[PDB]
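One chain comes next, on its own, written as structure tokens: the form deposited in one PDB entry.
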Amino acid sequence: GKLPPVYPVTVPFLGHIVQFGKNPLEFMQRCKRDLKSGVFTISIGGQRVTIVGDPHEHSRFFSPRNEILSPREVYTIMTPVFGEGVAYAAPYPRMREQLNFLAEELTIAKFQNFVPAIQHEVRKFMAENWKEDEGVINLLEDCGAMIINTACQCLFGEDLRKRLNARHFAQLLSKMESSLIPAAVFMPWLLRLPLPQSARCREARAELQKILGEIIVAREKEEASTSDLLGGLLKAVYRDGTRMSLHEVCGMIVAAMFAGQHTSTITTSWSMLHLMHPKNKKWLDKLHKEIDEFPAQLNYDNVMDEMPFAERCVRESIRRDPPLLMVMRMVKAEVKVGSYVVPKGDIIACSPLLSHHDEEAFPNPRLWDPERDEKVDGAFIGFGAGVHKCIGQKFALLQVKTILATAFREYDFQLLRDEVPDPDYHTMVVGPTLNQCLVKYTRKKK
């Protein structure tokens, strides 16, 4: 085998994470240029990280099975929050079955009544918060509130929402996030030591599990028709003929809510931010034309089948600013990538950021252009690819499209600074800088 070339080891401890939090794109482009190779290795905290930064080789990265490019070792930071024996922390066979059970709950087939539930919360929100003829809001925080409120209406039954509302859900997820050390992907030794915040999060999730249990007992003693997410997952049956444990169900619900909270929020925000920008009026007008073709009450078919332009807007906002900068796996057995082999124990990564800004794939990559197409097949990896592709993608897109169509139909927006906000690359999920997201809404003439 030929090893990819290697950026030589630097002295500050985890110093490359600082660069990755400040200018990740430029850092990776430098690595690529200096070593004259799209496939290259860096060393972070003693751990080799090999980045497939050539769009043409995406298939090598996304094809292999979890047994061989495993996500388990790279997501050890998440075990306290989701639970032992849940998702990435489960043996491979159970892992695959659990993920699939969640994927089954979020198929287009399961979305009956979701668009009206979403429209209802959004309208409730706009009437509570956007009351005036005119007013100033933080668009990032309000999208975030709408994402959690709308997800909770779609996924959880009324009895569940009565005991556990979106605000409590939001707090719990936010507390959990605050307990993580994202750098510890490169500090596996740390995660073997006792961490107090870890015990705290497990009690928090155990409290959630208690609520969930009480709900099931109450539903079981009043029935004659549990087709919400909780209900669906409790009815799943593994290949061996057993059921998921409530522990496992609770964990998968947390993971689903945790996954969508920032990614979908960010995507909504960027999309709305580009569309209200004056130099994009042409695309806004185009969006209104599409929306006005439709009544007030939307449905699944309108949003998902009959809004191709709104789709290009959302996709191109994920293209330009992907909220997850890296997809990563642990190499469990060595793998070929072009003329190279990437050895076992390496972390192998593919970067939606680096790849969405490749000039060959996306000519003039700093331009937000909803009409563009990829020049390289598979270079859009906003939701990953292959067999492990985002299983929440259709649910996320339904939410974002519905919120977009409801909001722009009822309100005009103006960004209260000249340029679109800069991404803030310091956070785990990357989105627009919070203090640059002030916007003025104006209620449209009824």
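Position 1 is the first residue in the sequence shown; the rest follow in order. Superpose the two forms; the largest set of C-alphas matching within 1.5 Å is the rigid core.
The same protein has a further form, the form deposited in another entry, not shown here; the description that follows concerns it.
In a rigid core superposition between the shown form and the other one, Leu191 is the single residue of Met95, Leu191, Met126, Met330 whose Cα is displaced by 2 Å or more.
With the core held fixed, the Cα of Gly21 is displaced between the shown form and the other one by 2 Å or more.
A displacement of less than 2 angstroms separates the C-alpha positions of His288 between the shown form and the other one, with the rigid core held in common. With the core superposed, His168 shows a C-alpha displacement below 2 Å between the shown form and the other one.
Annotation for the pair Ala199/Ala145: C-alpha atoms approach each other in the other form, by 3 Å or more compared with this form.
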